[PDB]
Amino acid sequence: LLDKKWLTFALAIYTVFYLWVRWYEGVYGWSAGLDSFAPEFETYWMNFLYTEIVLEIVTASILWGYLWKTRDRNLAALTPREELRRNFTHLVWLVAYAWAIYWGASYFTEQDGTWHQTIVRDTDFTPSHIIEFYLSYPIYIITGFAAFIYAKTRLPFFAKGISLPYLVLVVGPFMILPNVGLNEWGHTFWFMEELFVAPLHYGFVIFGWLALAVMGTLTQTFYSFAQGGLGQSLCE
Amino acid sequence: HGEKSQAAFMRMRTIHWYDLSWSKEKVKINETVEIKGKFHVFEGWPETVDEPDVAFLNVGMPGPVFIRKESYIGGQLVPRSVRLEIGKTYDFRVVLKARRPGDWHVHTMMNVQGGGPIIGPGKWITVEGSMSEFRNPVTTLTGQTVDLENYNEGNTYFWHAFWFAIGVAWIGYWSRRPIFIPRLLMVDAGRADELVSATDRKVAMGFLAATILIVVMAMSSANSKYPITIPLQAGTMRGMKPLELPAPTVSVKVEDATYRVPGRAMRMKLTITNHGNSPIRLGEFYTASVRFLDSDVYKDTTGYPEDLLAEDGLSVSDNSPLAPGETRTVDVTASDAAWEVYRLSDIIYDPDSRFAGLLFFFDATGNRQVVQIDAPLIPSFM
Amino acid sequence: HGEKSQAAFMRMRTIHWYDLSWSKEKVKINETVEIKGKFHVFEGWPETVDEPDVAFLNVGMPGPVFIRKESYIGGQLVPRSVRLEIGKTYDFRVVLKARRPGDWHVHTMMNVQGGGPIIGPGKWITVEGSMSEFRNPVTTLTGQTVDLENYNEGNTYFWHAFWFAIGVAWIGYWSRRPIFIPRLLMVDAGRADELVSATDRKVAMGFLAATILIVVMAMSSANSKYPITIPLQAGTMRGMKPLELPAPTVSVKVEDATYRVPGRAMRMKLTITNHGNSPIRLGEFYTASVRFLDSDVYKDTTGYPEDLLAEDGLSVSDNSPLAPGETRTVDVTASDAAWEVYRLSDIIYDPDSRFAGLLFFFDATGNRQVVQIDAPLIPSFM
Ligand SMILES: CCCCCCCCCCCC(=O)OC[C@H](COP(=O)(O)OCC[N+](C)(C)C)OC(=O)CCCCCCCCCCC
Ligand SMILES: CCCCCCCCCCCC(=O)OC[C@H](COP(=O)(O)OCC[N+](C)(C)C)OC(=O)CCCCCCCCCCC
Ligand SMILES: CCCCCCCCCCCC(=O)OC[C@H](COP(=O)(O)OCC[N+](C)(C)C)OC(=O)CCCCCCCCCCC
Ligand SMILES: CCCCCCCCCC(=O)OC[C@H](COP(=O)(O)OCC[N+](C)(C)C)OC(=O)CCCCCCCCC
Ligand SMILES: CCCCCCCCCC(=O)OC[C@H](COP(=O)(O)OCC[N+](C)(C)C)OC(=O)CCCCCCCCC
Ligand SMILES: CCCCCC(=O)OC[C@H](COP(=O)(O)OCC[N+](C)(C)C)OC(=O)CCCCC
Ligand SMILES: CCCCCC(=O)OC[C@H](COP(=O)(O)OCC[N+](C)(C)C)OC(=O)CCCCC
Ligand SMILES: CCCCCCCCCC
Ligand SMILES: CCCCCCCCCC
Ligand SMILES: CCCCCCCCCC
Ligand SMILES: [Cu+2]
Ligand SMILES: [Cu+2]
Ligand SMILES: [Cu+2]
Ligand SMILES: [Cu+2]
């Protein structure tokens with residue numbers, strides 16, 4: 001069996017959900033979403049913010065708790081074939097993390113750019129901010145934490161210790177979410193110019209760099225893949 | 001749509017927009033709508049806002065639903081940032097061409113280099129038609145007419161696709177062979193020196209030489225075509241001509257100003273001294289995009305936005321005609337739902353509880369006088 | 001010699017020099033030459049240049065071929081930086097004393113704190129004699145006359161040579177023994193503790209004590225001699241007195257201005273309104289150190305530099321006398337080889353294609369009027 005169709009679901013769920021989110025923000029961007037003090041803004045974007053925050057907290061708790069509770073206690077008695085299957089599942093988790101990272105840190109971030117350069121931002125919770133800071137960022141954070149936990153709890157290579165590159169890849173992009181405090185603070189106060197390259201935005205930049213730890217993470221996963229079932233063929 | 005969130009005192013004391021007019025309220029695609037009016041730069045400019053040494057006359061709108069055909073300060077076109085003087089009154093004119101159908105709230109705004117957006121009154125303008133009918137023709141000094149909607153789009157797409165294809169070809173050339181794990185094992189276990197061998201070096205040399213040669217040839221071709229080019233035209237424009245307003249014949253001294261918390265009314269006591277030779281009457285109080293009118297004295301006919309217009313929102317304790325030379329003190333109350341809708345009541349949250357505004361005084365013959373008032377605004381709770 | 005490289009529009013709209021005069025064209029060593037004139041700070045000061053809050057009246061020249069004896073703005077000496085006001089006209093006077101023989105291109109220039117050099121017209125001045133004959137005497141408040149060419153030179157040489165000799169003595173004392181490789185081997189192989197032993201420590205203590213004592217004694221001696229000293233005198237000088245020019249009786253409105261690319265001519269259409277009570281005629285157009293003259297109206301007699309002077313470079317379509325109260329629109333062409341020699345045609349490369357200049361209008365009796373014009377400058381290619 002090895003690599004199964006969980007990868008198709010991993011791609012499709014993010015693609016479909018974010019396409020629907022884009023449709024929603026295209027429909028309610030203007031017209032209930034321009035005026036932050038209008039009653040329709042509360043029903044179409046503040047309610048969205050509340051619901052998405054509650055659902056993200058619940059989903060993160062449930063997913064992480066399930067992954068930690070179903071952790072493999074007897075990692076020693078794991079066959080190489082099962083280890084290969086678990087390595088493929090972890091690679092599917094990493095693919096989902098990469099897809100979520102794309103959607104969060106490229107699509108909706110530059111969408112925040114094109115929203116703020118063309119409207120006068122009315123609050124810290126513009127529809128763009130609700131979608132990007134509080135939906136896509138938590139979603140990719142949840143996916144990254146889940147992938148890290150799966151590696152630690154199913155892969156003997158990633159067990160017996162916390163991998164530094166994986167921890168950086170998982171936590172640095174997470175630090176972008178608390179960095180929103182710098183975004184709002186240096187915008188209301190420091191810098192009223194919409195300048196997307198303003199130093200108030202270098203918090204995203206610095207912690208966006210930590211995603212480069214995916215390189216060490218991926219060579220670690222390559223070594224984990226090539227533990228018992230490394231071949232032969234490769235180097236033979 | 002971006003105001004009602006800015007600080008009430010900052011909206012009150014930055015820039016006062018008046019004599020605003022709109023040529024049309026409903027337009028077709030490609031039809032032009034003109035916005036005219038005057039703005040006065042308040043003398044008590046807040047220290048937190050940089051002085052309007054570099055300011056841009058902008059339009060508040062949800063993206064290019066209109067295109068700014070022209071914009072004027074004084075009588076001259078202002079496509080760049082301009083320098084404004086504190087205390088001066090300028091007249092402006094913005095010409096907009098409809099591009100996208102719908103109902104749009106169009107604001108005239110002034111962006112200041114170190115203070116952010118100063119949004120004036122916004123008016124709903126209806127656009128009907130189809131976006132596909134929109135044209136933005138322009139004639140260059142080289143004698144060609146192009147449509148700015150799609151000019152150079154094909155060339156941009158072509159060049160970007162070409163370079164993306166070159167990069168993808170490079171990556172795929174290296175990706176035909178196995179990529180990650182066997183190459184990693186070969187590099188780790190002993191010297192590799194086997195995964196990069198001729199003609200890989202020849203292919204890379206070809207890629208590098210072709211890239212440089214294609215860049216040079218494309219630049220030369222884009223220089224032979226379009227032989228006449230100019231850099232981007234930028235730079236703040238000085239010498240904006242302000243309006244030479246006559247000195248007002250009305251002097252007003254604000255003796256305390258209060259507003260109820262909570263409430264929708266603002267109360268102030270004014271000592272009005274009438275100079276000149278005509279009986280005056282208080283007709284309007286404009287504070288921040290909100291016009292409180294004394295309907296018995298003046299009526300608005302310029303189609304001011306209804307949510308910003310208080311037809312009878314201005315009540316004067318004694319608004320009888322003020323004979324020349326006579327001085328009297330009256331209690332003026334400006335009350336309207338707009339005071340709470342546009343969050344002018346939220347000056348209680350502000351770190352500077354001072355207001356500014358314009359009082360419009362009208363005589364019998366109809367000629368009007370504009371006087372500016374500013375004073376601390378004291379909340380009242382009991 | 002540093003202009004012709006600056007941006008054409010920046011040379012056009014910073015500072016307009018006019019009424020320039022030179023006392024002499026050829027001088028001897030120690031002889032004085034005086035440069036006089038007026039400069040007007042343009043109202044449309046470019047935003048890329050900091051406002052002339054801190055400005056210095058300098059001389060453009062290849063090193064001290066002259067010494068600046070005196071310099072005045074208004075009527076007062078300006079050895080320090082000064083504050084200038086935008087839109088004001090100031091008169092200046094620079095006194096130069098010849099120091100080095102040769103043919104020198106002397107410019108009057110204004111350095112602005114945050115904008116760099118603004119170079120005015122330059123004139124060739126011949127210096128004859130020998131540099132050895134040059135003297136720069138000055139009398140101090142302590143009652144001694146010194147020559148600034150060689151004053152303190154001996155003392156400076158002596159002290160520098162003394163301290164250099166002390167350092168060389170230290171180095172040579174340590175360099176008598178073998179230096180690099182044996183000492184390195186001794187330090188590496190085992191503890192060294194042998195290459196620095198008494199009386200080396202005694203010699204170093206002597207060097208340190210002698211250095212401190214000599215510094216203290218020299219400072220005390222240089223305080224007993226020259227007991228009266230003052231710090232360097234610095235600081236921007238405010239309150240420069242501008243010229244109180246009468247209000248011009250001529251108003252000019254520029255209706256478009258064009259220049260051919262390539263070409264040596266600039267064309268503009270002006271609407272001239274003559275107020276006052278005398279028939280006026282356009283005699284000069286000054287744009288950037290270049291004077292385009294209508295020879296039928298005015299002739300230059302102040303010895304203006306020939307390469308900057310267009311004697312008949314100004315052609316007016318109808319330069320008949322303009323009766324008072326009369327308004328007419330004429331086509332004015334300023335054409336000369338200077339327009340290309342001084343790269344005023346390179347405004348096509350500039351990111352701000354706007355020009356500024358001065359128009360000089362002369363009546364029958366000879367009294368002149370100065371009016372300032374500024375407008376966009378549109379290139380024409382076909
Ligand atoms: C990592 C964990 C992430 C957790 C957060 C998830 C956020 C989900 C959206 C919040 C909506 C909100 O809050 O708003 C509630 C909205 C407000 O729209 P309405 O006014 O009712 O109009 C009618 C509804 N339309 C405008 C959508 C037609 O209505 C709803 O009930 C519909 C929400 C549907 C969400 C599920 C579909 C997603 C695409 C399919 C692939 C998954
Ligand atoms: C991973 C992190 C999850 C955290 C979830 C949030 C828990 C909130 C607890 C209640 C706080 C409260 O009610 O008070 C917060 C007060 C509200 O102030 P107010 O509305 O101005 O006035 C007072 C109004 N009261 C009296 C009704 C409260 O201060 C603030 O303005 C802060 C609000 C911003 C919260 C940002 C959370 C973003 C989470 C993103 C998850 C993906
Ligand atoms: C241990 C080390 C930690 C130190 C960090 C503490 C935060 C500093 C707070 C500054 C307050 C101050 O010092 O003054 C506040 C000054 C006062 O200026 P103003 O006159 O109001 O200007 C008016 C201009 N407005 C209207 C736009 C404000 O505003 C500033 O210029 C803010 C400068 C930015 C400093 C924050 C940079 C954070 C770096 C983030 C990159 C990851
Ligand atoms: C609406 C939310 C639905 C999330 C569903 C989560 C599925 C449960 C997670 C999980 O444990 O594994 C699911 C799949 C297949 O891996 P499994 O083998 O089921 O995982 C345990 C491994 N073990 C069987 C050897 C013990 O592993 C995967 O690759 C699933 C990837 C799902 C993409 C991540 C979605 C997260 C959105 C916030
Ligand atoms: C918010 C920012 C995160 C800060 C980063 C700190 C975490 C980084 C290191 C890390 O993840 O290790 C914690 C464990 C991995 O196992 P260990 O750290 O070895 O310890 C396991 C026992 N423990 C679950 C109680 C911790 O991983 C887990 O066990 C997590 C799953 C259990 C938590 C589920 C409850 C959370 C619901 C919200
Ligand atoms: C790899 C990222 C793909 C992002 C594509 C996207 O944002 O799609 C939204 C956009 C919306 O434009 P349109 O297709 O005209 O449909 C408009 C519907 N709304 C306004 C809700 C977006 O176009 C599509 O939906 C095309 C489907 C692409 C599938 C990968
Ligand atoms: C890594 C490079 C960081 C350079 C910081 C920078 O560009 O700051 C520009 C800003 C100059 O402000 P300015 O660009 O004039 O802002 C104009 C808009 N306002 C006045 C509203 C802020 O300077 C500061 O306020 C100090 C920045 C500290 C960085 C750790
Ligand atoms: C207004 C001048 C701002 C200068 C900022 C310097 C930033 C340097 C970062 C090391
Ligand atoms: C090393 C490659 C240098 C290429 C220079 C090309 C110059 C062309 C002038 C138009
Ligand atoms: C440790 C050497 C300090 C020297 C001080 C000398 C003071 C002299 C006063 C004129
Ligand atoms: Cu609006
Ligand atoms: Cu005002
Ligand atoms: Cu020179
Ligand atoms: Cu001038």
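Numbers restart at 1 for each chain; the letters A, B, ... are given by sequence-line order, proteins then strands. Note that these values count all heavy atoms, side chains included, but never hydrogens, waters or copies made by symmetry.
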Using modelled atom types only, decide if a donor and an acceptor are shared between the side chain of [X] and the backbone of [Y] within a distance under 3.5 Å.
X        : Y        : value
C:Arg11  : C:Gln6   : yes
B:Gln233 : B:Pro231 : yes
C:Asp346 : C:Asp350 : no
B:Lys88  : B:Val41  : no
C:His40  : C:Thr89  : no
B:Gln113 : B:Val54  : no
C:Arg13  : C:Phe355 : yes
C:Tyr286 : C:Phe360 : no
C:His107 : C:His1   : yes
C:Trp22  : C:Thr302 : no

Check ion pair [X]-[Y] (N to O, under 4.0 angstrom):
X        : Y       : answer
C:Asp352 : B:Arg80 : yes
C:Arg93  : C:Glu34 : yes
C:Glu85  : C:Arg83 : yes
C:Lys123 : C:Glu25 : yes

Going by distance alone, is a donor N or O of one side chain under 3.5 Å from an acceptor N or O of the other, for C:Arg264 and C:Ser335?
->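 Result is no, nothing qualifies.
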Do C:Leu57 and C:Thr108 pass the side-chain contact (heavy atoms from CB on, under 4.5 Å) test, and can you show the C-alpha distance, the side-chain angles, and the key distance before you say yes or no?
-> CA-CA 8 Å; C:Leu57 178 63; C:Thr108 303; 4.1 Å; yes
Go through the structure and list residues passing salt bridge (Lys or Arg N to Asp or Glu O under 4.0 Å) with C:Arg281, not counting sequence neighbours.
->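 Once residues adjacent in sequence are excluded, C:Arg281 has no partner under the salt bridge (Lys or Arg N to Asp or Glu O under 4.0 Å) criterion.
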Could you list the donor-acceptor pairs under 3.5 angstrom formed between side-chain atoms of residues 310-326 of chain C and any protein atom two or more places apart in sequence or on another chain?
| residue | atom | partner | partner atom | Å |
| --- | --- | --- | --- | --- |
| C:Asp312 | OD1 | C:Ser295 | N | 3.4 |
| C:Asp312 | OD1 | C:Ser295 | OG | 2.6 |
| C:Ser315 | OG | C:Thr333 | O | 3.2 |
| C:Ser317 | OG | C:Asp331 | N | 3.1 |
| C:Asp318 | OD1 | C:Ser320 | N | 3.3 |
| C:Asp318 | OD1 | C:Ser320 | OG | 3.1 |
| C:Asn319 | OD1 | C:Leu282 | N | 3.1 |
| C:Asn319 | ND2 | C:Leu282 | O | 2.8 |
| C:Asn319 | ND2 | C:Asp294 | OD2 | 2.3 |
| C:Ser320 | OG | C:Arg328 | NH1 | 3.2 |
| C:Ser320 | OG | C:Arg328 | NH2 | 2.9 |
| C:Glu326 | OE1 | C:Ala323 | N | 2.9 |
| C:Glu326 | OE2 | C:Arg328 | NE | 3.4 |
| C:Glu326 | OE2 | C:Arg328 | NH2 | 3.2 |

Selection residues 358-371 of chain C - residue pairs positive for side chain to side chain donor-acceptor pair (under 3.5 Å), sequence neighbours left out |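 Matches after skipping sequence neighbours: C:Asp19-C:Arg368, C:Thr249-C:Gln369, C:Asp363-C:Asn367.
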Quickly, which of C:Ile119, C:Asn58, C:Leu84 forms a side chain to side chain contact (heavy atoms under 4.5 Å, CB included) with C:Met110? Name it, please.
->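 Running side chain to side chain contact (heavy atoms under 4.5 Å, CB included) over C:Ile119, C:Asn58, C:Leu84 with C:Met110 returns exactly one hit, C:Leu84.
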Parallel, tilted or perpendicular, as decided by the 30° and 60° cut-offs, for the rings of C:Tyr90 and C:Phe39 =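 It falls in the parallel class, under 30°.
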Which of these passes salt bridge (charged side-chain N to carboxylate O under 4.0 Å, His left out) with C:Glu31: C:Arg99, C:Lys69, C:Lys24, C:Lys97?
->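 Testing C:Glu31 for a salt bridge (charged side-chain N to carboxylate O under 4.0 Å, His left out) against C:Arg99, C:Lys69, C:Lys24, C:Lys97 leaves exactly one candidate, C:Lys24.
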Roughly how far, to the nearest 0.5 Å, is CD of B:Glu70 from CG of B:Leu96?
->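 Here the rounded value is 10.0 Å.
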